[PDB]
file my_file.txt (compact mmCIF, C-alpha atoms and all ligand atoms)
# COMPACT_ATOMS: atom_id res chain seq x y z
CA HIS E 4 58.81 -29.46 -17.24
CA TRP E 5 57.36 -31.95 -14.69
CA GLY E 6 59.34 -34.29 -12.61
CA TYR E 7 60.07 -35.31 -9.04
CA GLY E 8 62.33 -32.48 -7.74
CA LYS E 9 62.01 -29.50 -5.39
CA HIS E 10 61.21 -27.16 -8.30
CA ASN E 11 59.18 -29.46 -10.60
CA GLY E 12 57.90 -32.23 -8.25
CA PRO E 13 54.35 -33.22 -7.22
CA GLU E 14 53.76 -29.95 -5.32
CA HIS E 15 54.19 -28.06 -8.63
CA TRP E 16 52.10 -30.24 -11.02
CA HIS E 17 48.83 -28.33 -10.47
CA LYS E 18 50.18 -25.31 -12.42
CA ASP E 19 50.50 -27.30 -15.65
CA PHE E 20 47.76 -29.88 -14.77
CA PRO E 21 45.05 -28.22 -12.66
CA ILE E 22 43.23 -31.56 -12.27
CA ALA E 23 46.14 -32.26 -9.74
CA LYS E 24 43.70 -30.77 -7.25
CA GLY E 25 40.67 -32.67 -8.49
CA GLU E 26 37.95 -34.77 -6.95
CA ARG E 27 39.43 -38.26 -7.56
CA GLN E 28 43.25 -38.07 -7.47
CA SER E 29 45.63 -40.93 -6.73
CA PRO E 30 47.39 -42.26 -4.88
CA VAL E 31 45.66 -42.45 -1.51
CA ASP E 32 46.27 -43.79 1.94
CA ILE E 33 44.31 -47.05 2.39
CA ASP E 34 42.87 -46.97 5.87
CA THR E 35 42.40 -50.73 6.38
CA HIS E 36 39.86 -50.36 9.21
CA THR E 37 37.55 -47.92 7.32
CA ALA E 38 37.70 -49.74 3.88
CA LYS E 39 34.32 -51.43 3.35
CA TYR E 40 34.24 -55.18 2.78
CA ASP E 41 31.95 -55.82 -0.23
CA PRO E 42 30.81 -59.42 -0.56
CA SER E 43 29.56 -58.78 -4.13
CA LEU E 44 33.08 -57.97 -5.45
CA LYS E 45 34.25 -60.82 -7.72
CA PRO E 46 37.63 -62.52 -7.61
CA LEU E 47 40.10 -60.68 -9.85
CA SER E 48 40.82 -62.43 -13.16
CA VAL E 49 44.41 -62.04 -14.34
CA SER E 50 44.97 -63.85 -17.66
CA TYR E 51 48.62 -63.25 -18.63
CA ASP E 52 49.43 -66.65 -20.23
CA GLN E 53 49.71 -65.05 -23.75
CA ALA E 54 51.48 -61.87 -22.75
CA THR E 55 53.85 -60.51 -25.33
CA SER E 56 56.44 -58.08 -23.98
CA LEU E 57 58.23 -55.94 -26.58
CA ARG E 58 60.59 -53.37 -25.13
CA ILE E 59 61.76 -51.68 -22.00
CA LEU E 60 62.22 -47.93 -21.87
CA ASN E 61 63.64 -45.26 -19.53
CA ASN E 62 61.23 -42.28 -20.13
CA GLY E 63 63.03 -40.07 -17.63
CA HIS E 64 60.39 -40.72 -14.95
CA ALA E 65 60.55 -44.51 -14.52
CA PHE E 66 61.18 -47.46 -16.73
CA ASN E 67 58.37 -49.05 -18.70
CA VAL E 68 58.04 -52.60 -19.92
CA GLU E 69 55.60 -52.35 -22.87
CA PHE E 70 53.40 -55.17 -24.21
CA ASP E 71 51.68 -55.89 -27.54
CA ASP E 72 48.14 -54.79 -26.78
CA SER E 73 46.78 -55.25 -30.38
CA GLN E 74 44.87 -58.44 -29.36
CA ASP E 75 43.42 -59.83 -26.15
CA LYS E 76 46.73 -61.44 -25.01
CA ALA E 77 47.26 -60.32 -21.43
CA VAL E 78 43.95 -59.12 -19.88
CA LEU E 79 42.37 -58.10 -16.58
CA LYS E 80 38.69 -58.60 -15.92
CA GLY E 81 36.31 -59.50 -13.03
CA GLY E 82 37.16 -57.97 -9.68
CA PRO E 83 35.19 -54.65 -9.57
CA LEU E 84 35.43 -54.36 -13.40
CA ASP E 85 32.56 -54.83 -15.87
CA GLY E 86 34.75 -54.80 -18.92
CA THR E 87 37.87 -56.40 -20.37
CA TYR E 88 41.10 -54.52 -19.91
CA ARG E 89 44.23 -55.12 -22.00
CA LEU E 90 47.75 -54.90 -20.45
CA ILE E 91 49.74 -52.15 -22.17
CA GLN E 92 52.76 -51.71 -19.86
CA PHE E 93 54.09 -51.97 -16.32
CA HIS E 94 56.44 -49.65 -14.38
CA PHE E 95 57.44 -49.09 -10.77
CA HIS E 96 57.81 -46.15 -8.37
CA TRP E 97 60.53 -46.46 -5.68
CA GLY E 98 62.44 -44.58 -3.06
CA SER E 99 65.96 -43.45 -2.19
CA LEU E 100 65.74 -45.64 0.96
CA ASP E 101 63.82 -48.86 1.79
CA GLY E 102 61.40 -46.90 4.05
CA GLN E 103 59.67 -45.06 1.17
CA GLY E 104 58.92 -45.46 -2.51
CA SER E 105 55.28 -46.59 -2.67
CA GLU E 106 52.58 -44.21 -3.87
CA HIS E 107 49.60 -45.88 -2.07
CA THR E 108 50.13 -46.29 1.66
CA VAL E 109 48.42 -48.79 4.02
CA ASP E 110 47.49 -47.26 7.43
CA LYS E 111 50.16 -44.66 6.49
CA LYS E 112 52.78 -47.34 5.95
CA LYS E 113 55.02 -46.77 2.92
CA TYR E 114 56.54 -49.71 1.05
CA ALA E 115 59.96 -49.75 -0.68
CA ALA E 116 58.32 -49.61 -4.09
CA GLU E 117 55.09 -50.06 -6.03
CA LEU E 118 54.42 -51.98 -9.27
CA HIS E 119 51.69 -50.61 -11.63
CA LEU E 120 50.39 -52.95 -14.31
CA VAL E 121 48.49 -50.57 -16.57
CA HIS E 122 45.45 -51.89 -18.50
CA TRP E 123 42.93 -50.15 -20.80
CA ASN E 124 39.23 -50.86 -21.44
CA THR E 125 38.95 -52.63 -24.83
CA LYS E 127 35.54 -50.90 -25.44
CA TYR E 128 37.54 -47.72 -26.17
CA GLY E 129 39.77 -49.31 -28.78
CA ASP E 130 43.10 -47.83 -27.70
CA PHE E 131 44.94 -46.41 -24.75
CA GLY E 132 44.73 -42.75 -25.95
CA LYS E 133 40.94 -42.87 -26.15
CA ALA E 134 40.56 -44.85 -22.90
CA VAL E 135 42.37 -42.23 -20.79
CA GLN E 136 39.70 -39.71 -21.74
CA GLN E 137 36.99 -41.93 -20.08
CA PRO E 138 36.01 -42.28 -16.37
CA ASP E 139 36.29 -46.06 -16.71
CA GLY E 140 39.08 -46.20 -19.29
CA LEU E 141 41.90 -47.74 -17.24
CA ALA E 142 42.33 -50.48 -14.65
CA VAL E 143 45.71 -50.33 -12.83
CA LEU E 144 46.72 -53.24 -10.71
CA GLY E 145 49.06 -51.99 -7.94
CA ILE E 146 51.37 -54.34 -6.01
CA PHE E 147 53.58 -53.32 -3.06
CA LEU E 148 57.23 -54.33 -2.87
CA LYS E 149 59.00 -54.80 0.43
CA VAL E 150 62.68 -55.62 0.82
CA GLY E 151 63.54 -59.13 1.98
CA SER E 152 63.97 -62.29 -0.12
CA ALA E 153 64.64 -61.85 -3.93
CA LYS E 154 61.72 -62.07 -6.41
CA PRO E 155 63.15 -64.47 -9.07
CA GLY E 156 60.56 -63.21 -11.69
CA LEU E 157 61.97 -59.71 -11.40
CA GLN E 158 65.53 -60.66 -12.14
CA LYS E 159 65.37 -60.43 -15.96
CA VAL E 160 63.98 -56.88 -15.53
CA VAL E 161 66.77 -56.01 -13.08
CA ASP E 162 69.47 -57.42 -15.38
CA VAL E 163 68.61 -55.22 -18.41
CA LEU E 164 68.53 -51.83 -16.51
CA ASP E 165 72.14 -50.97 -17.08
CA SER E 166 71.29 -50.99 -20.85
CA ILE E 167 68.63 -48.22 -20.33
CA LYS E 168 70.43 -46.09 -17.73
CA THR E 169 69.45 -42.60 -18.99
CA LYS E 170 66.32 -40.81 -20.31
CA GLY E 171 65.25 -41.95 -23.74
CA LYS E 172 67.12 -45.23 -23.83
CA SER E 173 65.25 -48.37 -24.76
CA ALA E 174 66.03 -52.05 -25.32
CA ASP E 175 64.26 -55.06 -26.85
CA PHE E 176 62.63 -57.03 -24.00
CA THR E 177 60.77 -60.06 -25.30
CA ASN E 178 59.30 -63.15 -23.63
CA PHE E 179 59.05 -61.52 -20.17
CA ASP E 180 56.33 -63.20 -18.14
CA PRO E 181 54.49 -60.72 -15.82
CA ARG E 182 52.94 -63.63 -13.82
CA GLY E 183 56.36 -63.81 -12.08
CA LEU E 184 55.67 -60.41 -10.45
CA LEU E 185 52.42 -61.50 -8.69
CA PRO E 186 51.99 -62.40 -5.04
CA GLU E 187 50.10 -65.63 -3.94
CA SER E 188 46.85 -63.89 -3.04
CA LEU E 189 44.73 -61.78 -5.37
CA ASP E 190 42.81 -60.13 -2.38
CA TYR E 191 42.45 -56.47 -3.14
CA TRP E 192 41.25 -53.02 -2.27
CA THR E 193 39.61 -50.88 -5.03
CA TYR E 194 38.58 -47.22 -5.52
CA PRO E 195 38.12 -44.77 -8.44
CA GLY E 196 41.13 -42.54 -8.99
CA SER E 197 43.59 -41.13 -11.49
CA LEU E 198 46.95 -41.53 -13.17
CA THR E 199 49.57 -40.73 -10.56
CA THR E 200 51.72 -38.77 -12.99
CA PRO E 201 50.80 -35.96 -15.30
CA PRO E 202 48.42 -35.65 -17.07
CA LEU E 203 46.77 -36.93 -13.86
CA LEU E 204 43.54 -37.88 -15.81
CA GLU E 205 40.73 -39.18 -13.68
CA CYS E 206 40.23 -42.38 -15.69
CA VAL E 207 41.49 -45.19 -13.37
CA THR E 208 39.84 -47.95 -11.42
CA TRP E 209 42.61 -48.72 -8.93
CA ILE E 210 42.96 -52.33 -7.82
CA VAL E 211 45.61 -52.59 -5.08
CA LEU E 212 46.70 -56.04 -3.87
CA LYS E 213 46.78 -56.58 -0.09
CA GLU E 214 49.77 -58.97 -0.24
CA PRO E 215 53.13 -57.31 -1.06
CA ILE E 216 55.83 -59.14 -3.01
CA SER E 217 59.35 -59.35 -1.54
CA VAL E 218 62.33 -58.12 -3.56
CA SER E 219 66.01 -58.24 -2.41
CA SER E 220 68.04 -55.20 -1.34
CA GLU E 221 70.24 -55.89 -4.48
CA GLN E 222 67.17 -55.89 -6.82
CA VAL E 223 65.91 -52.51 -5.50
CA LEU E 224 69.49 -51.11 -5.48
CA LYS E 225 69.64 -51.72 -9.24
CA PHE E 226 66.48 -49.53 -9.65
CA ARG E 227 68.24 -46.63 -7.79
CA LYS E 228 71.16 -46.81 -10.28
CA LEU E 229 69.01 -45.57 -13.12
CA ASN E 230 69.08 -41.88 -14.11
CA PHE E 231 66.36 -39.20 -14.59
CA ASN E 232 68.82 -37.32 -16.92
CA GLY E 233 69.70 -38.16 -20.49
CA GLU E 234 73.06 -39.65 -21.74
CA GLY E 235 75.79 -37.05 -21.46
CA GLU E 236 73.99 -34.83 -18.95
CA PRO E 237 74.80 -34.39 -15.20
CA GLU E 238 73.82 -37.45 -13.18
CA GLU E 239 70.61 -37.35 -11.15
CA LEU E 240 69.81 -40.84 -9.76
CA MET E 241 66.23 -42.01 -10.52
CA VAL E 242 64.99 -42.28 -6.91
CA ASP E 243 61.84 -41.03 -5.13
CA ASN E 244 59.70 -41.02 -8.38
CA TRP E 245 56.52 -41.31 -6.32
CA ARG E 246 53.59 -38.99 -5.78
CA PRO E 247 52.40 -38.71 -2.12
CA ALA E 248 48.98 -39.70 -0.88
CA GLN E 249 46.20 -37.35 -2.05
CA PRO E 250 42.92 -36.34 -0.25
CA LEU E 251 40.33 -39.17 -0.39
CA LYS E 252 37.50 -36.53 -0.63
CA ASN E 253 34.13 -38.06 -1.58
CA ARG E 254 35.35 -41.74 -2.07
CA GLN E 255 35.05 -45.07 -0.27
CA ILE E 256 37.76 -47.73 -0.66
CA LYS E 257 36.19 -51.23 -0.96
CA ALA E 258 37.88 -54.46 0.07
CA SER E 259 37.42 -57.86 -1.55
CA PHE E 260 38.26 -59.60 1.70
CA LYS E 261 37.80 -60.02 5.47
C1 LIG E 301 51.45 -45.63 -24.14
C2 LIG E 301 51.41 -45.11 -22.75
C3 LIG E 301 51.20 -45.95 -21.63
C4 LIG E 301 51.16 -45.40 -20.33
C5 LIG E 301 50.96 -46.20 -19.09
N1 LIG E 301 51.32 -44.07 -20.17
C6 LIG E 301 51.55 -43.27 -21.27
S1 LIG E 301 51.79 -41.51 -21.04
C7 LIG E 301 51.93 -41.53 -19.23
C8 LIG E 301 50.65 -42.08 -18.67
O1 LIG E 301 49.58 -41.78 -19.25
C9 LIG E 301 50.55 -42.80 -17.38
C10 LIG E 301 51.50 -42.53 -16.35
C11 LIG E 301 51.37 -43.16 -15.08
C12 LIG E 301 50.27 -44.02 -14.84
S2 LIG E 301 50.10 -44.71 -13.17
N2 LIG E 301 51.47 -44.10 -12.28
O2 LIG E 301 50.07 -46.29 -13.24
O3 LIG E 301 48.78 -44.03 -12.52
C13 LIG E 301 49.35 -44.33 -15.86
CL1 LIG E 301 48.01 -45.41 -15.54
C14 LIG E 301 49.48 -43.72 -17.13
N3 LIG E 301 51.57 -43.77 -22.55
ZN ZN E 302 52.60 -45.70 -11.72
call {"tool": "encode", "arguments": {"input": "my_file.txt", "output": "structure tokens"}}
result
Amino acid sequence: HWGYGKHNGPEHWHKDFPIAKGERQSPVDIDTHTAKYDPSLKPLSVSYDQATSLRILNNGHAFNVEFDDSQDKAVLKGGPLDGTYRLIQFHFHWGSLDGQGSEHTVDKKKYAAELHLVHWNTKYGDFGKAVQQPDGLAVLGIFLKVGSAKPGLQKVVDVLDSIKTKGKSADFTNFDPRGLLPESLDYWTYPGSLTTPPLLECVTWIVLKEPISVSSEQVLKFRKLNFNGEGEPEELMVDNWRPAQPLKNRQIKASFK
């Protein structure tokens, strides 16, 4: 029943998923002045040289590029993490207009979109078990602003018209997620949750300070996708973001400055 409309959007999720109103929900506004620099935070280690993408799917909420996570091929470690986390998929959240789209905000500033590279803690053996643990996931978030094209995004952008509607999927091999990264790995980090239902409180959020730039034509191609399935009335897939949630009893730490 859940989605991003007036009748089934974020404001409604608590009825089906009461943890919507819980103690460590995401996303949040990052208040850059009150985030605490922590000199013991390690550099983030992103090892994506052996990444194996498999498929891309429109799930009716976003599109997901899914990876083979049956071996240690594409992993995240270091940073605030004390375990190895395997890349399972990435997806984006974006807006109807360039002035909104991101889930995390920075001093209340919204970005055009937000990339989530979803990773799960290998001590829990698989993604389904990890999500049931307070330290089960590590999600690397990267802001997108509109300006110059991101060449590493283009192969993603070019396949979207093959997965226009809910439930469509396409083969998507040999995609290199290193082409979606900014120069700097400086980050903010805090304990939070999935930002869609089931909203499980199982995520260590790692949000990069440096946005990537995408072109107006790249982000336009995102807004051409559909929430509906093939042969149903067209609802453009836009504004598939959850707003900032109360920080409550949490401190956001910074790896820098
Ligand atoms: C195999 C698989 C992978 C993923 C990421 N989600 C699912 S079900 C949806 C889900 O659990 C999920 C949705 C959204 C997010 S987010 N927006 O990055 O916080 C995450 Cl981490 C998980 N299933
Ligand atoms: Zn997400």
call {"tool": "atom_distance", "arguments": {"input": "my_file.txt", "atom1": "atom CA of residue E:99", "atom2": "atom CA of residue E:236"}}
result
20.5 Å
call {"tool": "atom_distance", "arguments": {"input": "my_file.txt", "atom1": "atom CA of residue E:110", "atom2": "atom CA of residue E:32"}}
result
6.6 Å
call {"tool": "closest_atom_pairs", "arguments": {"input": "my_file.txt", "of": "stretch 23-120 of chain E", "to": "stretch 208-213 of chain E", "cutoff": "10 Å", "atoms": "all atoms listed in the file", "output": "Markdown table"}}
result
| residue | atom | partner | partner_atom | distance |
| --- | --- | --- | --- | --- |
| E:29 | CA | E:209 | CA | 8.6 |
| E:30 | CA | E:209 | CA | 9.0 |
| E:33 | CA | E:211 | CA | 9.4 |
| E:35 | CA | E:213 | CA | 9.8 |
| E:47 | CA | E:210 | CA | 9.1 |
| E:82 | CA | E:210 | CA | 8.3 |
| E:83 | CA | E:210 | CA | 8.3 |
| E:84 | CA | E:208 | CA | 8.0 |
| E:107 | CA | E:211 | CA | 8.4 |
| E:109 | CA | E:213 | CA | 9.0 |
| E:117 | CA | E:211 | CA | 9.9 |
| E:118 | CA | E:211 | CA | 9.8 |
| E:119 | CA | E:211 | CA | 9.2 |
| E:120 | CA | E:210 | CA | 9.9 |
call {"tool": "closest_residue", "arguments": {"input": "my_file.txt", "among": "E:207, E:174, E:256, E:78", "to": "ligand LIG 301 (chain E)", "atoms": "all atoms listed in the file"}}
result
E:207
call {"tool": "residues_around", "arguments": {"input": "my_file.txt", "residues": "residue E:190", "least_positions_apart": "3", "cutoff": "12 Å", "atoms": "only C-alpha atoms", "output": "JSON, numbers by chain"}}
result
{"E": [40, 41, 44, 45, 46, 47, 48, 82, 83, 144, 145, 146, 185, 186, 187, 193, 210, 211, 212, 213, 214, 215, 257, 258, 259, 260, 261]}
call {"tool": "residues_near_ligand", "arguments": {"input": "my_file.txt", "ligand": "ligand LIG 301 (chain E)", "cutoff": "8 Å", "atoms": "all atoms listed in the file", "output": "PyMOL selection string"}}
result
chain E and resi 29-30+67+69+91-96+119-122+131-132+135+141-143+145+197-204+207
call {"tool": "write_last_selection", "arguments": {"input": "my_file.txt", "atoms": "C-alpha atoms", "output": "tab-separated table (two decimals), in the frame of the given file"}}
result
chain	number	residue	atom	x	y	z
E	29	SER	CA	45.63	-40.93	-6.73
E	30	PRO	CA	47.39	-42.26	-4.88
E	67	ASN	CA	58.37	-49.05	-18.70
E	69	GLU	CA	55.60	-52.35	-22.87
E	91	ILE	CA	49.74	-52.15	-22.17
E	92	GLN	CA	52.76	-51.71	-19.86
E	93	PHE	CA	54.09	-51.97	-16.32
E	94	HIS	CA	56.44	-49.65	-14.38
E	95	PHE	CA	57.44	-49.09	-10.77
E	96	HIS	CA	57.81	-46.15	-8.37
E	119	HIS	CA	51.69	-50.61	-11.63
E	120	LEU	CA	50.39	-52.95	-14.31
E	121	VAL	CA	48.49	-50.57	-16.57
E	122	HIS	CA	45.45	-51.89	-18.50
E	131	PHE	CA	44.94	-46.41	-24.75
E	132	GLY	CA	44.73	-42.75	-25.95
E	135	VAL	CA	42.37	-42.23	-20.79
E	141	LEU	CA	41.90	-47.74	-17.24
E	142	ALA	CA	42.33	-50.48	-14.65
E	143	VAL	CA	45.71	-50.33	-12.83
E	145	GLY	CA	49.06	-51.99	-7.94
E	197	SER	CA	43.59	-41.13	-11.49
E	198	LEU	CA	46.95	-41.53	-13.17
E	199	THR	CA	49.57	-40.73	-10.56
E	200	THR	CA	51.72	-38.77	-12.99
E	201	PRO	CA	50.80	-35.96	-15.30
E	202	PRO	CA	48.42	-35.65	-17.07
E	203	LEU	CA	46.77	-36.93	-13.86
E	204	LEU	CA	43.54	-37.88	-15.81
E	207	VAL	CA	41.49	-45.19	-13.37
call {"tool": "atom_distance", "arguments": {"input": "my_file.txt", "atom1": "atom CA of residue E:240", "atom2": "atom CA of residue E:21"}}
result
27.9 Å
call {"tool": "residues_around", "arguments": {"input": "my_file.txt", "residues": "stretch 157-165 of chain E", "least_positions_apart": "3", "cutoff": "10 Å", "atoms": "all atoms listed in the file", "output": "list in words"}}
result
residues 59, 60, 61, 66, 68, 153, 154, 168, 169, 172, 173, 174, 175, 176, 179, 180, 181, 183, 184, 218, 219, 221, 222, 223, 224, 225, 226, 228 and 229 of chain E
call {"tool": "closest_residue", "arguments": {"input": "my_file.txt", "among": "E:70, E:88, E:97, E:191", "to": "ligand ZN 302 (chain E)", "atoms": "all atoms listed in the file"}}
result
E:97
call {"tool": "closest_residue", "arguments": {"input": "my_file.txt", "among": "E:127, E:64, E:112, E:237", "to": "ligand ZN 302 (chain E)", "atoms": "only C-alpha atoms and all ligand atoms"}}
result
E:64
call {"tool": "residues_around", "arguments": {"input": "my_file.txt", "residues": "residue E:86", "least_positions_apart": "5", "cutoff": "9 Å", "atoms": "all atoms listed in the file", "output": "number ranges by chain"}}
result
E: 79-81, 124-125, 127
